[PDB]
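Report on one structure; see the data block that follows.
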Protein chains: 2
Amino acid sequence: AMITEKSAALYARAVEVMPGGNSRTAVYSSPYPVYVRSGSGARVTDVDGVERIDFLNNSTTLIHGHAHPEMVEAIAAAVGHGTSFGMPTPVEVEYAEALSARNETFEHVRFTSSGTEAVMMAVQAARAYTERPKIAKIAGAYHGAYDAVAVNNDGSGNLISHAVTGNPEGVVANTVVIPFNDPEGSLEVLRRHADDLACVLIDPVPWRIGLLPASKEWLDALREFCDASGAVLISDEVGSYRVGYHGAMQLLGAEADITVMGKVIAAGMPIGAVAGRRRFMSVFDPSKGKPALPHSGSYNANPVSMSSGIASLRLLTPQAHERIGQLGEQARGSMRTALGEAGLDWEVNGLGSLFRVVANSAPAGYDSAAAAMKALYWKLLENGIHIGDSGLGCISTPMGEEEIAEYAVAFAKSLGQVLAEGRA
Amino acid sequence: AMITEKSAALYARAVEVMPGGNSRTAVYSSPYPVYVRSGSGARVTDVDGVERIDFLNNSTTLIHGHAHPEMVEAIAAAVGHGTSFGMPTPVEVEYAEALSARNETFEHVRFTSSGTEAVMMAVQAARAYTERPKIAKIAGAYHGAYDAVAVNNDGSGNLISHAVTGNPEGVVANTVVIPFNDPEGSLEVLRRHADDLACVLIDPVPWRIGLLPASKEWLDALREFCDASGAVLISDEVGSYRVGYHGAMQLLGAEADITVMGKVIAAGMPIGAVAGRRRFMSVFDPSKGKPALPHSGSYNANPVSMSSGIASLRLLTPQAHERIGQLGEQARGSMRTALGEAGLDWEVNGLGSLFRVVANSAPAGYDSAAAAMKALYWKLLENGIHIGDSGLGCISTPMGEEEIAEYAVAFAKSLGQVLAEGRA
Ligand SMILES: *Cc1c(COP(=O)(O)O)cnc(C)c1O
Ligand SMILES: *Cc1c(COP(=O)(O)O)cnc(C)c1O
């Protein structure tokens, strides 16, 4: 049914100049992905001219959807004054104040060009502050490609370290993993390494292991352990910040030492941020001699990304936050009803404007739950909707009741088609 | 003489929300840096309203200067169609072809959001391809903050490993350093580690150790060593690419296995690139199963950065390249004449549109060569010119003969003031 000829032609060119025609693993699909030309509001038009509602929003980055007029105005004006400089600008100060105001723990901030960089610098900061080597992270959680955190980062709960080909033992031996939401099992691992732990790195709502929130009992156990041991508690909220108006830890009743942010904080332009209590951030301070931790980067705090951020935060009011949460609750409820009516036990998880369909059974005609979910992803594309290929999705502020209603119709239709094709 | 009151007021706000009021170590100056508001062409206007000629251009990023009208048009149009997407776009393919065309070795490309990320991914690729742990880099050369390369990265030629506080031994033990332009001493180190070397990471024209080019004898020794040992030869040209129309290795008569690029390739928007022969890049290919080296990132290949890149490369013609090289030669000659007339032995190095004044003596009244150069940096600011605080500078394509003439007058004046103030 779908026409993807212009996508296929782009792919044929791409494979000659990129490895497998790809520049970002997560956007690839076999045999080739759909390529897109433009977006407006909640919708994206592919290169074959087909307009669809976007329910993933650049991996949850685009909290204000595509080309929001107020963001476009702010970004284009900044571009016109100069894209980047070898000197700081007024907008970096304005934006640091705006971000710092969102949570009491965000006392001092520094900007990067990506969440990947920000996680790296947060880990480096903890290592510099403590002068200890090890880090603990959640088994299965993703934090980007930096080698110390690219360990057990693919959704598995396995507690044995597992890393990318070529990541040396000298790196891997200094990262250990803990079981999400299991305080007892987590403390067993943490206490074995306490003297040597620089940090405990968490995501409070990690999607790859199911998009369930961290529990109070687990957060409290980790906070107490960090206080007793001197390890720094780092909350990577690059993806999960958006669940709360003051971020994810605050929504769940807890405080990080350092928080890593990105994605929605600029809602489409390259950025990351490290924000935390002054003492932890002091490793970066260059004002009283050489810093313990140098941290540069050509685009850090560039005024285009800062202007995107100012506009994103200004649009992300308490009212807007509440509204996209209500739409998210409605979407999750409708998915659960459709799954139930189709005889499927799959979970629908999420908080606020985030959701994930977690396929946990293989219906007839599919070799695995993951293959059935990939089929649902493709059927949803055919039926006018973009979600993730393992069930992730999200609401954007240009959406209203009609987009969520259209999604519900498409979701039920698509599920029926997936199941019928499997039984055929 | 200089009025910096609006800069001081921005700094007073900044210190409350950033560590030492800073987000990028390299742009800090004591007691505070000059803040800037906008740029146009070759000039930048500070927050106090003072327009100066920019001879550093965001650490050599802005090859086309500030807010070039053709770059602004391309970038603003891209922004209007959507800043980033969870799907590939036509412009990533167009830009990959444009970049790949610049050098025969750039067979397959992948994009990142920074040179820092690109260097990290190049090293990871070499480790994945070879399954060996160690890397060799130049003693003193900078490659960004990634921990494996943030070793001996501050201009010193010392051959003993030296790293940032907190970088663990498990990282540092797998990075060794070699003496720039000393084939004999380099091969002594390399041969000690040959069985375990994933890569030899060079910059062919590293500024922090003097902005002298790699010699043919040294490049040949490294190429031969990599061919014999199986280590990957990685050329980090994030800063030095611009010396040649086909990049730095090609200008100097050599071939890398993988080249890292950034800065001028998009001339102001966040980017990096890893480009190399297909076999080395194959670790990233996701088209025939899971890749050996996953590599994602929310802004990879985003259409704003791709459009900046297309426009930057289209403006960077052979004619434009030759012209900025002629202006660079003229600027370097005028600096040497002024230094000679002032009785100073400082070097002026560089190729093409890059230069660096390398202070190597402490004139009367200065505690060090570095302090005298910092004084020259501040005097040049007072006299209407931005350069780096350790002597780095560069030409941009909006410059012509009048900017280089004004620079020469300011440089001679400033040098006289520095020396007279020291003798007073
Ligand atoms: C997106 C994400 C990252 C990586 O951020 P980029 O900006 O894509 O480099 C890091 N951590 C988590 C938890 C994320 O969701
Ligand atoms: C600029 C530079 C880097 C870092 O690139 P960013 O884009 O600033 O992160 C890496 N290597 C070298 C040699 C550079 O000049």
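Residue numbers start at 1 in each chain; chains themselves are named A, B, ... in the order of the structure tokens; ligands are numbered from 1 in the order shown.
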Name the residues in contact with residue 330 (chain B) at a cut-off of 9 Å, using only C-alpha atoms, excluding same-chain residues fewer than 5 positions from it; report them as an MDAnalysis selection string.
chainID B and resid 325 335 404
When DSSP works through the backbone of this structure, what residues of region 56-276 of chain B end up as strand (DSSP E), shown as a PyMOL selection string?
chain B and resi 108-112+134-138+175-178+197-202+232-236+258-262+272-276
Generate a file of the selected residues that holds N, CA, C and O atoms, formatted as a compact mmCIF listing (two decimals), in the first residue's frame.
```txt
# COMPACT_ATOMS: atom_id res chain seq x y z
N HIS B 108 33.26 6.47 2.86
CA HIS B 108 32.03 6.44 3.65
C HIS B 108 32.18 7.42 4.81
O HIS B 108 33.25 7.50 5.43
N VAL B 109 31.10 8.15 5.06
CA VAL B 109 31.03 9.21 6.07
C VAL B 109 29.93 8.91 7.09
O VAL B 109 28.91 8.33 6.75
N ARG B 110 30.12 9.37 8.34
CA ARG B 110 28.99 9.47 9.31
C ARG B 110 29.18 10.75 10.06
O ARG B 110 30.28 11.24 10.34
N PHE B 111 28.02 11.32 10.38
CA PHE B 111 27.95 12.62 11.06
C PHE B 111 27.66 12.49 12.54
O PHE B 111 26.86 11.64 12.98
N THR B 112 28.28 13.41 13.30
CA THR B 112 28.10 13.59 14.72
C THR B 112 27.70 15.04 14.98
O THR B 112 27.63 15.86 14.05
N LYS B 134 45.00 -0.44 22.65
CA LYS B 134 45.79 0.79 22.84
C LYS B 134 45.64 1.79 21.70
O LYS B 134 45.41 1.41 20.55
N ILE B 135 45.85 3.06 22.07
CA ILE B 135 45.99 4.07 21.07
C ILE B 135 47.27 4.85 21.31
O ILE B 135 47.75 4.98 22.45
N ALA B 136 47.85 5.32 20.21
CA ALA B 136 49.00 6.24 20.28
C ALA B 136 48.54 7.57 19.74
O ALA B 136 47.86 7.65 18.71
N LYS B 137 48.94 8.64 20.43
CA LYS B 137 48.66 10.01 19.96
C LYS B 137 49.93 10.86 20.10
O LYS B 137 50.92 10.43 20.72
N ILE B 138 49.89 12.05 19.53
CA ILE B 138 51.02 12.99 19.64
C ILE B 138 51.07 13.58 21.05
O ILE B 138 50.06 14.05 21.59
N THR B 175 46.56 4.68 26.53
CA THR B 175 46.97 5.75 25.62
C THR B 175 48.46 6.05 25.86
O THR B 175 48.85 6.38 26.97
N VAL B 176 49.24 5.96 24.78
CA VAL B 176 50.66 6.28 24.80
C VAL B 176 50.92 7.42 23.84
O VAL B 176 50.12 7.66 22.91
N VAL B 177 52.01 8.17 24.07
CA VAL B 177 52.31 9.34 23.24
C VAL B 177 53.64 9.22 22.52
O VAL B 177 54.60 8.54 22.95
N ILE B 178 53.67 9.89 21.38
CA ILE B 178 54.82 9.93 20.49
C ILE B 178 55.26 11.37 20.23
O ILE B 178 54.42 12.30 20.20
N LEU B 197 48.14 -2.14 19.51
CA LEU B 197 47.69 -0.83 19.02
C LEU B 197 46.53 -0.93 18.05
O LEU B 197 46.68 -1.46 16.94
N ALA B 198 45.40 -0.36 18.47
CA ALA B 198 44.25 -0.20 17.58
C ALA B 198 44.46 0.90 16.54
O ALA B 198 43.99 0.78 15.40
N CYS B 199 45.14 1.98 16.94
CA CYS B 199 45.24 3.14 16.07
C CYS B 199 46.40 4.02 16.46
O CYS B 199 46.84 4.03 17.63
N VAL B 200 46.85 4.78 15.47
CA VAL B 200 47.76 5.93 15.66
C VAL B 200 46.91 7.13 15.26
O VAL B 200 46.49 7.25 14.11
N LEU B 201 46.67 8.00 16.25
CA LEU B 201 45.83 9.18 16.08
C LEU B 201 46.73 10.39 16.00
O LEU B 201 47.47 10.69 16.95
N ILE B 202 46.70 11.10 14.85
CA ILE B 202 47.51 12.29 14.65
C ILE B 202 46.61 13.45 14.32
O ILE B 202 45.45 13.29 13.99
N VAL B 232 45.18 1.28 12.80
CA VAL B 232 44.47 2.21 11.91
C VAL B 232 45.11 3.60 12.04
O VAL B 232 45.28 4.11 13.15
N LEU B 233 45.41 4.23 10.90
CA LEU B 233 45.95 5.61 10.91
C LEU B 233 44.78 6.59 10.83
O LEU B 233 44.07 6.66 9.83
N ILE B 234 44.57 7.31 11.94
CA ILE B 234 43.46 8.27 12.04
C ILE B 234 44.04 9.67 12.01
O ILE B 234 44.89 10.03 12.85
N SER B 235 43.59 10.50 11.05
CA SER B 235 43.98 11.91 11.00
C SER B 235 42.85 12.77 11.51
O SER B 235 41.77 12.85 10.88
N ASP B 236 43.08 13.42 12.66
CA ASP B 236 42.11 14.37 13.23
C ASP B 236 42.38 15.71 12.61
O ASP B 236 43.32 16.43 12.97
N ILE B 258 41.20 6.74 8.28
CA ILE B 258 40.01 7.45 8.76
C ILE B 258 40.44 8.89 9.01
O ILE B 258 41.52 9.12 9.57
N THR B 259 39.59 9.84 8.62
CA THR B 259 39.80 11.25 8.89
C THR B 259 38.63 11.75 9.74
O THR B 259 37.46 11.45 9.45
N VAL B 260 38.95 12.54 10.77
CA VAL B 260 37.94 13.19 11.61
C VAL B 260 37.86 14.65 11.15
O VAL B 260 38.90 15.31 10.98
N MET B 261 36.65 15.16 10.97
CA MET B 261 36.43 16.53 10.53
C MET B 261 35.36 17.21 11.38
O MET B 261 34.59 16.58 12.10
N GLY B 262 35.34 18.54 11.27
CA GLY B 262 34.38 19.36 11.97
C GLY B 262 34.63 20.82 11.62
O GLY B 262 35.11 21.11 10.51
N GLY B 272 30.26 17.20 13.42
CA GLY B 272 31.52 16.49 13.27
C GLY B 272 31.31 15.43 12.21
O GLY B 272 30.15 15.11 11.86
N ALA B 273 32.39 14.83 11.75
CA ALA B 273 32.28 13.77 10.75
C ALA B 273 33.44 12.79 10.93
O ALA B 273 34.55 13.20 11.25
N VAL B 274 33.13 11.52 10.66
CA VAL B 274 34.14 10.47 10.56
C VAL B 274 34.07 9.99 9.11
O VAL B 274 32.99 9.58 8.66
N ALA B 275 35.18 10.03 8.39
CA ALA B 275 35.20 9.66 6.96
C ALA B 275 36.37 8.76 6.68
O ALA B 275 37.47 9.10 7.01
N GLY B 276 36.18 7.67 5.97
CA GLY B 276 37.30 6.79 5.74
C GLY B 276 37.01 5.72 4.74
O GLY B 276 35.93 5.66 4.14
```
Name the closest residue to chain A among the candidates B:211, B:281, B:364, B:123; distances are taken between atoms, counting only C-alpha atoms.
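Closest candidate: B:281.
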Where in region 265-315 of chain A does DSSP assign alpha helix (DSSP H), given as a PDB file with C-alpha atoms, in the first residue's frame?
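Saved file result14.pdb follows:
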```pdb
ATOM      1  CA  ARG A 278      27.814  23.995  43.333  1.00  0.00           C
ATOM      2  CA  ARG A 279      30.342  21.737  45.059  1.00  0.00           C
ATOM      3  CA  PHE A 280      30.113  19.014  42.404  1.00  0.00           C
ATOM      4  CA  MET A 281      30.165  21.544  39.571  1.00  0.00           C
ATOM      5  CA  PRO A 303      23.439  31.367  20.761  1.00  0.00           C
ATOM      6  CA  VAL A 304      21.290  29.370  18.307  1.00  0.00           C
ATOM      7  CA  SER A 305      20.911  26.454  20.723  1.00  0.00           C
ATOM      8  CA  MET A 306      20.511  28.902  23.637  1.00  0.00           C
ATOM      9  CA  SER A 307      17.738  30.742  21.794  1.00  0.00           C
ATOM     10  CA  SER A 308      16.014  27.441  20.992  1.00  0.00           C
ATOM     11  CA  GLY A 309      16.231  26.614  24.678  1.00  0.00           C
ATOM     12  CA  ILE A 310      14.848  29.938  25.868  1.00  0.00           C
ATOM     13  CA  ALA A 311      11.909  29.549  23.514  1.00  0.00           C
ATOM     14  CA  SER A 312      11.346  25.899  24.464  1.00  0.00           C
ATOM     15  CA  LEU A 313      11.284  26.572  28.183  1.00  0.00           C
ATOM     16  CA  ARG A 314       9.093  29.672  27.748  1.00  0.00           C
ATOM     17  CA  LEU A 315       6.533  27.552  25.836  1.00  0.00           C
TER      18      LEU A 315
END
```
Check which residues fall inside 8 Å of ligand 1 when counting only C-alpha atoms and all ligand atoms, and print them as a ChimeraX atom specification.
/A:59,61,113-119,141-145,203,206,236-240,260-263,270-272 /B:296-299
With only C-alpha atoms as the basis for distance, which of A:228, A:220, A:51, A:295 is at the shortest distance from chain B?
A:295
Compile the contact shell of residue 385 (chain A) as a ChimeraX atom specification: residues with an atom at most 8 Å away, counting only C-alpha atoms, same-chain residues fewer than 3 positions apart removed.
/A:52-55,380-382,407,410
Please provide the set of residues having any atom within 12 Å of residue 26 (chain A), restricted to only C-alpha atoms, with same-chain residues fewer than 4 positions apart removed, written as number ranges by chain.
A: 22, 30, 33, 58-59, 144, 154, 388-390; B: 85-88, 284-286, 290-291, 294-300
If you count only C-alpha atoms, which residues fall within 10 Å of residue 163 (chain A), apart from same-chain ones fewer than 5 positions away, as number ranges by chain?
A: 147-154, 168-169, 171-172, 175
Would you mind exporting the chosen residues as a tab-separated table (two decimals), in the first residue's frame, restricted to N, CA and C atoms?
```
chain	number	residue	atom	x	y	z
A	147	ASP	N	32.15	5.49	26.06
A	147	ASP	CA	32.53	4.10	26.35
A	147	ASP	C	32.25	3.64	27.76
A	148	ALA	N	32.40	4.51	28.78
A	148	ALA	CA	32.17	4.06	30.15
A	148	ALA	C	30.70	3.72	30.41
A	149	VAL	N	29.78	4.31	29.64
A	149	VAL	CA	28.36	4.10	29.85
A	149	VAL	C	27.71	3.24	28.77
A	150	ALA	N	28.48	2.84	27.75
A	150	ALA	CA	27.99	1.99	26.65
A	150	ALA	C	28.17	0.51	27.01
A	151	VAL	N	27.72	0.17	28.20
A	151	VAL	CA	27.91	-1.14	28.86
A	151	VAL	C	26.49	-1.52	29.30
A	152	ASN	N	26.01	-2.70	28.93
A	152	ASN	CA	24.70	-3.18	29.38
A	152	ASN	C	23.62	-2.14	29.09
A	153	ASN	N	23.56	-1.75	27.82
A	153	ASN	CA	22.80	-0.54	27.45
A	153	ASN	C	21.72	-0.77	26.42
A	154	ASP	N	21.21	-2.01	26.35
A	154	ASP	CA	20.33	-2.49	25.29
A	154	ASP	C	19.05	-3.13	25.80
A	168	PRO	N	37.79	-1.58	25.70
A	168	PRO	CA	38.80	-2.38	26.41
A	168	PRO	C	38.36	-2.77	27.81
A	169	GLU	N	39.00	-3.82	28.33
A	169	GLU	CA	38.80	-4.19	29.71
A	169	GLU	C	39.10	-3.05	30.66
A	171	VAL	N	38.35	-0.03	30.44
A	171	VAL	CA	37.08	0.70	30.59
A	171	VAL	C	36.03	-0.17	31.27
A	172	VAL	N	35.76	-1.33	30.71
A	172	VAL	CA	34.62	-2.14	31.15
A	172	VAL	C	34.72	-2.56	32.63
A	175	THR	N	33.01	-0.20	35.13
A	175	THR	CA	31.55	0.02	35.13
A	175	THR	C	30.87	-1.28	35.60
```
Within 8 Å of residue 64 (chain B), counting only C-alpha atoms, which residues qualify if same-chain residues fewer than 5 places away don't, as an MDAnalysis selection string?
chainID B and resid 41 267 312 315 396:398
Using only C-alpha atoms and all ligand atoms, find the one residue out of A:84, A:354, A:75, A:413 that sits nearest to ligand 2.
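Comparing A:84, A:354, A:75, A:413 against ligand 2, the winner is A:84.
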Considering only C-alpha atoms, can you say which of A:91, A:96, A:254, A:209 comes closest to residue 139 (chain A)?
A:209
Pick from A:408, A:387, A:164, A:15, whichever lies nearest to residue 57 (chain A) using only C-alpha atoms
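Checking each candidate against residue 57 (chain A), we get A:387 as the closest.
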Residue 392 (chain A) surroundings by only C-alpha atoms, 10 Å radius, close-in-sequence under 4 positions cut, as a PyMOL selection string:
chain A and resi 55-56+59-60+207-208+210-211+348-350+354-358+377+386-388
Atoms kept (C-alpha atoms) for selection, written as a short mmCIF file (atom, residue, chain, number, x, y, z; two decimals), in the first residue's frame:
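Just written: out-v9.cif:
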```cif
data_model
loop_
_atom_site.label_atom_id
_atom_site.label_comp_id
_atom_site.auth_asym_id
_atom_site.auth_seq_id
_atom_site.Cartn_x
_atom_site.Cartn_y
_atom_site.Cartn_z
CA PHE A 55 4.05 10.34 17.85
CA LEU A 56 7.80 9.96 18.46
CA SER A 59 13.15 10.30 19.89
CA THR A 60 11.20 12.50 22.33
CA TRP A 207 12.49 3.49 28.42
CA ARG A 208 14.60 0.60 27.18
CA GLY A 210 10.05 -0.68 30.11
CA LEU A 211 9.38 3.00 30.87
CA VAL A 348 1.32 0.18 28.02
CA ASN A 349 3.62 2.14 30.33
CA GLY A 350 4.56 5.77 30.82
CA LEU A 354 5.60 9.64 27.38
CA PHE A 355 4.37 6.14 26.56
CA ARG A 356 5.66 2.79 25.51
CA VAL A 357 3.86 -0.30 24.25
CA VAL A 358 5.91 -3.21 25.66
CA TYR A 377 5.35 -0.03 13.75
CA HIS A 386 4.98 7.47 13.39
CA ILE A 387 5.94 5.62 16.63
CA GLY A 388 9.15 3.85 17.64
#
```
Residue with smallest distance to ligand 2 - pool B:351, B:266, B:78, B:256, counting only C-alpha atoms and all ligand atoms
B:266
